[PDB]
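*Asks:* Chains as they are written, first to last, in the entry's author numbering: chain E, 37 to 135; chain A, 37 to 135; chain H, 31 to 123; chain D, 29 to 123; chain F, 21 to 102; chain B, 21 to 102; chain G, 11 to 118; chain C, 11 to 119.
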Amino acid sequence: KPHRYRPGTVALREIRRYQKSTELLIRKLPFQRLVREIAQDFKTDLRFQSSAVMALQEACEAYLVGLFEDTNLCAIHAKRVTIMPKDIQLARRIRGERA
Amino acid sequence: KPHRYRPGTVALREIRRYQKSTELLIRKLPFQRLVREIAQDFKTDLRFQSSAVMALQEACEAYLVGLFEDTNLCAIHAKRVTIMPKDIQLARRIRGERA
Amino acid sequence: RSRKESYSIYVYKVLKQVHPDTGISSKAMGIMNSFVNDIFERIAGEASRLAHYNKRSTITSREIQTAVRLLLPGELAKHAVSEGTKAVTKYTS
Amino acid sequence: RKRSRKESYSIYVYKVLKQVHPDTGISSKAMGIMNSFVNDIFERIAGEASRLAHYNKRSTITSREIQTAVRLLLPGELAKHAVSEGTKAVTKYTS
Amino acid sequence: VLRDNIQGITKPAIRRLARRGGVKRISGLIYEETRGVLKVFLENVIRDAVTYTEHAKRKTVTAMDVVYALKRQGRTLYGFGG
Amino acid sequence: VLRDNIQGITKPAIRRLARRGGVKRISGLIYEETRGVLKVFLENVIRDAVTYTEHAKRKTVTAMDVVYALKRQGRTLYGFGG
Amino acid sequence: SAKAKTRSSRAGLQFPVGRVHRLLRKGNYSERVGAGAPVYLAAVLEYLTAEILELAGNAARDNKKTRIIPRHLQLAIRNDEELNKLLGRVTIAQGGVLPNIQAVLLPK
Amino acid sequence: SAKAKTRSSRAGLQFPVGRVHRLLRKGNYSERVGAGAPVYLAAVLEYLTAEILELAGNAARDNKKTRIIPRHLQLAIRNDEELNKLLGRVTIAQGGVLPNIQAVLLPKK
DNA sequence: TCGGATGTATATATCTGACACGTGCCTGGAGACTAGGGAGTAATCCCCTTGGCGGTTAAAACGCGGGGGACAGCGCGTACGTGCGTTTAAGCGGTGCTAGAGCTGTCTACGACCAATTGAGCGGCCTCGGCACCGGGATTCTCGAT
DNA sequence: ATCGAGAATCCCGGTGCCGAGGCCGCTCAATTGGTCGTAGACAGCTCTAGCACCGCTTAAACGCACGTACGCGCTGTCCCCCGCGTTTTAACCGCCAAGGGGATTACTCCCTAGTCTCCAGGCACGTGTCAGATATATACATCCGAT
């Protein structure tokens with residue numbers, strides 16, 4: 037029968053691969069469409085510089101990576117290895133975004 | 037045999053009593069001595085206005101009460117009711133004081 | 031001898047205008063003075079930055095309006111903008 | 029017609045880089061980041077000095093205000109070394 | 021560009037963002053949660069960016085508007101001006 | 021005042037500060053930990069307060085120095101001036 | 011408004027328009043200050059003051075008092091959802107906290 | 011030391027003393043600006059720049075490169091203990107993340 | 001389900017000290033005017049934003065088998081809560097002294113301001129060496145088999 | 001414990017492009033030199049409030065004993081995420097084209113700074129009285145061992 041890794045090996049391999057790099061991890065066109073949709077419920081007939089959408093993407097990705105680090109800390113605190121929504125909620129509450 | 041409450045009743049009674057009040061909870065002279073000792077390892081022969089020591093005490097007590105709220109949140113997250121030093125450490129790390 | 035300025039009599043006028051029967055202690059008035067000073071400096075600093083970004087050298091009333099839109103949360107911002115607009119419109123006319 | 033000119037800190041950052049590492053170059057995005065860093069720190073120190081001269085009812089920002097702003101803003105050994113460097117520069121300039 | 025683009029933030033993308041954060045295992049309900057926490061964050065920044073754009077009387081959202089909107093929330097960003 | 025005054029922040033005082041925070045049960049190793057934390061906080065504020073006092077060329081730490089030192093750390097305090 | 015009296019009375023306010031003008035001119039915010047900026051700022055400050063004072067007066071009446079103390083300002087601020095977002099990093103002296111017990115700690 | 015030349019040169023720096031003077035003077039920080047404030051500020055800015063650039067050059071040479079990129083600035087900043095405290099709330103674009111795996115997640119015996 | 005026993009809310013007298021209000025006055029705000037440059041407005045140019053094909057192929061979506069991790073339950077034993085008796089030092093009042101904060105007057109050296117001048121720094125060219133990429137081979141974790 | 005097969009990642013050499021580094025022309029911002037008015041350095045005086053001491057009452061901290069509820073470790077089930085193969089969708093890249101609106105320049109006018117005079121609002125100080133803190137006595141709610 038063919039080769040097969042055990043659950044948890046490819047996960048660590050991807051952790052190393054993506055902590056070693058600096059690329060952008062969300063696709064560009066879907067994010068640009070999301071940004072335009074939000075902004076157009078704020079004001080109609082707007083235009084965006086490309087640098088503006090790139091800056092928004094950098095900020096969003098940095099935010100989400102920090103939040104996932106804090107979530108992993110909480111999940112380990114509860115003696116687990118799987119992150120769950122209650123970990124995100126506790127991180128955002130202690131951090132100061134849900135008061 | 038004499039009367040006796042079960043462990044956990046007087047604790048809730050004190051929680052209500054101290055959340056209902058606004059007094060200062062640390063004694064004044066010990067805190068003033070602590071403040072003078074720290075400041076005198078920063079610079080010798082200093083004098084303090086009484087308002088200065090009172091402001092320092094208000095700030096310190098507010099800080100510690102907030103930290104204990106976050107610690108209780110962590111202890112409940114781990115499915116406990118007792119707060120431990122690892123809860124304070126997790127709260128101060130996620131909060132942004134231990135990085 | 032020196033004299034120090036505060037916002038005590040104006041806070042008291044507002045209080046006797048909204049609650050005609052209650053008074054205010056002294057520590058509460060100290061807190062209210064600190065609040066007014068804090069909000070003044072927040073709004074003024076934001077307006078200064080807005081006038082600097084756009085290469086202007088004057089803080090007009092729309093700098094203050096945009097600073098208020100940036101600093102306060104939603105319905106607070108709406109009511110404060112309406113009040114300020116009404117005040118300026120009554121002042122010029 | 030002409031396009032307006034925009035100033036930056038590129039040539040000075042490059043002089044410092046060729047002083048420290050005599051044979052290393054710098055890309056363009058890294059120089060953008062270095063410009064943002066210099067502007068950020070300038071505005072932090074200047075705003076702190078402004079507040080510090082306003083608290084004491086002064087009209088002038090002197091080297092004493094800048095030294096105290098540096099003592100307030102930077103961490104320990106950074107603060108000690110930056111204060112020594114600034115003091116040495118002002119002394120060499122005056123004398 | 022009107023309706024339902026938050027699902028363009030796919031599940032592999034959230035999994036990559038979690039791997040860069042050091043996460044080994046992910047629960048199946050995380051994705052619907054992350055598309056919320058993101059949509060709020062974005063909405064706070066754009067709302068400020070547009071507020072700057074209307075002040076300069078412009079109709080194009082410049083990168084400096086985004087840099088200022090982020091600096092105002094305590095999230096300074098280096099590399100796009102400023 | 022010279023030596024070992026942080027043991028003057030007794031254990032009942034920490035139980036009271038924890039009860040106001042809503043804590044029902046406390047572990048016997050908290051007290052030590054808490055004292056540590058407290059000291060750090062204090063040392064960060066006083067170090068700034070004195071830095072203001074030296075600038076005005078004074079030898080008395082005023083309450084405005086403490087209010088400014090706290091404001092520059094993101095912990096604004098109402099009721100002591102300013 | 012043609013009446014040439016004090017500017018606060020002309021604009022319809024209780025807060026001072028002239029003092030705010032002087033504080034804006036002598037505070038190092040810009041080189042010039044328009045004529046309608048102190049009026050706007052005084053109106054905004056008066057509105058926010060009236061909001062907080064009304065909530066605090068309600069909180070004081072709810073406790074059988076004829077006088078506001080810092081505890082009532084703390085209650086009024088923490089119990090409003092927007093004044094708590096505007097003043098979330100602020101410490102009221104002698105204010106205490108809000109009564110709050112986590113539901114897991116109560117006797118079952 | 012007296013001089014008739016550019017002030018940056020008599021002060022001993024490679025950073026503009028006149029431009030910093032004009033920026034302090036036209037930036038609405040105070041009504042007047044002393045003569046020794048731009049010299050001090052230029053010297054402090056040059057020190058901090060030299061510090062960061064040296065660490066980043068070390069990080070670039072540790073990867074067999076002859077050129078600094080944002081990744082090297084990110085590494086040099088996060089791997090110092092005081093530059094990480096001065097720039098703790100800052101995001102470097104195209105900078106990435108320090109490699110760090112929690113010890114509980116690694117495989118065991 | 002239930003009568004103690006303990007703690008907490010409620011009702012009245014009373015007594016002080018802080019809040020509310022009046023008075024003098026002095027300094028900051030208002031009235032009137034002049035002068036100059038900041039900003040509003042019109043016109044023009046050209047950069048860069050948006051919209052549209054068409055192809056290729058990297059990545060997303062879907063289904064499947066199974067192993068490992070989440071979670072519930074049970075048992076033990078130490079550590080924390082509660083209550084009592086003893087010890088310690090905080091808190092309060094009053095006395096007394098002096099350091100240093102705060103204010104006023106004088107004068108001088110420092111920074112703003114203005115006009116002339118000239119070189120440092122910026123925009124545009126452009127070229128070659130560092131870095132990205134291809135591919136082939138070596139090595140090094142990983143895992144099922146004993 | 002071990003060894004061998006199979007993916008995965010590092011290493012080494014060759015090929016090529018495009019952006020970093022350096023030159024040049026030129027405009028405008030920094031430098032030089034002088035004048036002037038006022039911010040601040042400094043001396044002197046006053047008098048507030050910060051520090052040190054002393055005695056007394058009593059509230060709170062401390063030490064200790066007992067027991068119970070909770071932390072923590074172990075076991076077992078089961079379901080739900082992970083890894084992998086196959087198919088499908090749409091991102092990405094290069095190109096073409098049009099036009100909106102950002103950016104710059106020229107002109108004018110009207111709005112704000114600056115100066116001087118005048119006067120009344122707000123601040124420091126004094127004083128009376130009533131809201132609130134406290135003592136005391138009940139009344140009621142809550143908790144707990146006993147059924």
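Beta carbons are placed, not taken as given, at the ideal position from N, Cα and C, and that holds for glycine.
1) Give a yes or no on whether the C-beta atoms belonging to D/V98 and C/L63 are separated by under 9 angstroms.
2) Going straight from the alpha carbon of C/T101 to that of F/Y98, what length do you get?
3) Kindly provide the ranges of any alpha helix (DSSP H) runs that are 4 or more residues long and lie completely inside the segment 68-107 of chain C, ordered along the chain.
4) By the 9 angstroms beta-carbon criterion, what residues does the segment 36-60 of chain B contribute toward chain A?
5) Answer yes or no: does any C-beta atom of chain C fall closer than 9 angstroms to that of residue 136 of chain E?
6) In chain H, which residues lie with their C-beta within 9 angstroms of the C-beta of F/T71?
7) Run through the segment 53-129 of chain A for me and flag every whole alpha helix (DSSP H) of 4 or more residues, listed as ranges in chain order.
8) Could you give the first and the last residue of the continuous alpha helix (DSSP H) run that contains D/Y83?
9) Is the beta carbon of F/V86 closer than 9 angstroms to that of E/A95?
10) Label B/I34 either buried or exposed according to how many other C-beta atoms from any shown protein chain fall within 10 Å of its C-beta, with 16 as the threshold for buried.
11) Look at C/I111 and F/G42 and say whether their C-beta atoms are less than 9 angstroms apart.
12) Relative to chain G, which residues along the segment 34-50 of chain H have a C-beta separation below 8 angstroms, given in chain order?
13) Please list the residues of the segment 81-99 of chain F that have a C-beta atom closer than 7 angstroms to any C-beta atom in chain C, keeping them in chain order.
14) Can you pull out the residues from the segment 69-98 of chain A whose beta carbon lies closer than 9 angstroms to at least one beta carbon of chain E?
15) Under a Cβ-count criterion, where at least 16 other Cβ atoms within 10 Å of its own Cβ denotes burial, should H/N63 be classed as buried or exposed?
16) If we cut at 9 angstroms on Cβ distances, does E/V46 have a partner in chain C?
17) Identify the contact partners of D/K57 in chain C, using a Cβ-Cβ distance below 8 angstroms as the criterion.
18) For C/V114 versus E/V117, is the C-beta spacing smaller than 9 angstroms?
19) Can you give me the Cβ contacts of F/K79 inside the same chain, cut-off strictly under 8 angstroms, excluding the 5 residues immediately before and after it?
20) Go ahead and label G/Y57 buried or exposed: buried means 16 or more other beta carbons lie within 10 angstroms of its beta carbon, across all protein chains shown.
21) Where does F/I46 fall in DSSP's three states?
22) Scan the segment 52-86 of chain H for residues whose Cβ lies nearer than 8 angstroms to a Cβ of chain B and list them as they occur along the chain.
23) What is the C-beta distance between G/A70 and H/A117, in whole angstroms, given that I count them as a contact (C-beta under 8 angstroms)?
24) Please determine if the segment 57-71 of chain F and the segment 88-102 of chain E are in contact, where contact requires at least 3 C-beta pairs separated by less than 8 angstroms.
25) Answer yes if the segment 39-53 of chain G comes into contact with the segment 75-83 of chain H, meaning at least three C-beta pairs across the two stretches below 8 angstroms, and no otherwise.
26) F/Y72 bridges to which residues according to DSSP?
27) Mapping DSSP to helix, strand and coil, what is B/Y98?
28) Does any residue of chain B have a CB that is nearer than 9 angstroms to the CB of A/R129?
29) Can you pull the chain F residues whose beta carbon is under 9 angstroms from the beta carbon of E/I112, in chain order?
30) Note down, in chain order, every chain H residue with its Cβ under 7 angstroms from the Cβ of B/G102.
31) Straight-line CA distance for A/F78 to G/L34?
32) Have a look at H/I73, H/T96 and H/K46 and flag the residue whose alpha-carbon is nearest the alpha-carbon of G/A60.
33) Checking contacts by CB at 9 angstroms: is A/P38 closer than that to chain B?
34) I'd like to know whether the C-beta atoms of H/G60 and G/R77 end up nearer to each other than 9 angstroms.
35) With a cut-off of 8 angstroms on the beta carbons, I'd call F/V21 and E/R129 a contact; round off their distance for me.
36) Could you tell me which of F/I50, F/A83, F/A76 and F/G48 sits nearest to E/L92, measuring between CA atoms?
*Replies:* Based on what the coordinates show:
1) Within the fourth sequence, the letter at position 70 stands for residue 98 of chain D. Within the eighth sequence, the letter at position 53 stands for residue 63 of chain C. No, Cβ-Cβ distance for D/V98 and C/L63 is not below 9 angstroms.
2) Working through the eighth sequence from its first residue, we reach residue 101 of chain C at position 91. Working through the fifth sequence from its first residue, we reach residue 98 of chain F at position 78. The straight-line gap from Cα to Cα measures roughly 6 angstroms.
3) List check, alpha helix (DSSP H) in window: 80-89 and 93-96.
4) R36, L37, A38, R39, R40, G41, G42, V43, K44, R45, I46, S47, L49, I50, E52, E53, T54, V57, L58, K59 and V60
5) In the structure as shown, chain E starts at 37 and stops at 135, and residue 136 of chain E therefore has no counterpart that could be examined.
6) Stepping through the fifth sequence from its first residue, residue 71 of chain F is reached at position 51. Those are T96, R99 and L100, listed as they occur along chain H.
7) 64-78 and 86-113
8) Counting from one through the fourth sequence, the residue named residue 83 of chain D turns up at place 55. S56 to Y83 is the extent of the alpha helix (DSSP H) around D/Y83.
9) Start at 1 with the first residue of the first sequence, and residue 95 of chain E comes out as number 59. Start at 1 with the first residue of the fifth sequence, and residue 86 of chain F comes out as number 66. Closer than 9 angstroms, so yes.
10) What you label residue 34 of chain B is simply residue 14 of the sixth sequence in a count that begins at 1. When all chains shown are included, B/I34 counts as buried.
11) Reading the eighth sequence from its first residue, position 101 is the one you call residue 111 of chain C. Reading the fifth sequence from its first residue, position 22 is the one you call residue 42 of chain F. Yes, the pair counts as a contact, with Cβ atoms nearer than the cut-off.
12) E35, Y37, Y40, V41, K43, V44, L45, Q47, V48 and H49
13) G94, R95, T96, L97, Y98 and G99
14) none
15) To locate residue 63 of chain H, count along the third sequence from 1; it is residue 33. Buried, because 16 or more other Cβ atoms sit within 10 Å of the Cβ of H/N63.
16) Numbered from its first residue, the first sequence carries residue 46 of chain E at position 10. So no, E/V46 is outside the interface.
17) As a working note, residue 57 of chain D is residue 29 in the fourth sequence. Under the 8 angstroms cutoff, chain C gives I79, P80, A103 and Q104.
18) Here residue 114 of chain C refers to the residue found at position 104 of the eighth sequence. Here residue 117 of chain E refers to the residue found at position 81 of the first sequence. Yes, these two residues count as a Cβ contact at 9 angstroms.
19) In the fifth sequence, residue 79 of chain F corresponds to position 59, counting from 1. Counting only Cβ-Cβ distances below 8 angstroms, and skipping sequence neighbours, we find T73.
20) Position 47 of the seventh sequence, counting from 1, holds the residue named residue 57 of chain G. Per the 10 Å Cβ criterion, buried.
21) Locating residue 46 of chain F in the fifth sequence gives position 26, counting from the first residue. Strand at F/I46.
22) Within the segment 52-86 of chain H, the residues whose Cβ lies closer than 8 angstroms to any Cβ of chain B are, in chain order, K57, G60, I61, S64, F65, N67 and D68.
23) In the seventh sequence, residue 70 of chain G corresponds to position 60, counting from 1. In the third sequence, residue 117 of chain H corresponds to position 87, counting from 1. Going by Cβ atoms, the distance from G/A70 to H/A117 rounds to 28 angstroms, so no, they are not a contact pair.
24) Proximity of the segment 57-71 of chain F to the segment 88-102 of chain E meets the contact definition, three or more beta-carbon pairs being nearer than 8 angstroms.
25) yes
26) Your numbering for residue 72 of chain F matches position 52 in the fifth sequence. BP columns for F/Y72 are empty, so no partner.
27) On the sixth sequence, position 78 is the one that residue 98 of chain B refers to. B/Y98 falls in the strand class under three-state DSSP.
28) For the purposes of this step, residue 129 of chain A is identified with residue 93 of the second sequence, where counting begins at 1. No, A/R129 does not count as interfacial toward chain B.
29) What you label residue 112 of chain E is simply residue 76 of the first sequence in a count that begins at 1. Under the 9 angstroms cutoff, chain F gives no residues; its nearest Cβ is about 10 angstroms from E/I112.
30) As a first step, residue 102 of chain B must be located in the sixth sequence, where it is residue number 82. The answer, in chain order, is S64 and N67.
31) Reading the second sequence from its first residue, position 42 is the one you call residue 78 of chain A. Reading the seventh sequence from its first residue, position 24 is the one you call residue 34 of chain G. Looking at the two C-alpha atoms, the distance is approximately 37 angstroms.
32) One-based indexing of the seventh sequence puts residue 60 of chain G at position 50. Of the candidates H/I73, H/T96 and H/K46, the one whose C-alpha sits nearest the C-alpha of G/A60 is H/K46.
33) Within the second sequence, residue 38 of chain A is the residue found at index 2, counting from 1. Judged by the 9 angstroms Cβ criterion, A/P38 is not in contact with chain B.
34) The sequence position of residue 60 of chain H within the third sequence is 30, counting from 1. The sequence position of residue 77 of chain G within the seventh sequence is 67, counting from 1. Not in contact: H/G60 and G/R77 (Cβ atoms no closer than 9 angstroms).
35) What you label residue 21 of chain F is simply residue 1 of the fifth sequence in a count that begins at 1. What you label residue 129 of chain E is simply residue 93 of the first sequence in a count that begins at 1. Contact flag wrong, Cβ pair sits at about 33 angstroms.
36) Locating residue 92 of chain E in the first sequence gives position 56, where the first residue counts as 1. Measuring from the Cα of E/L92, the nearest candidate turns out to be F/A83.
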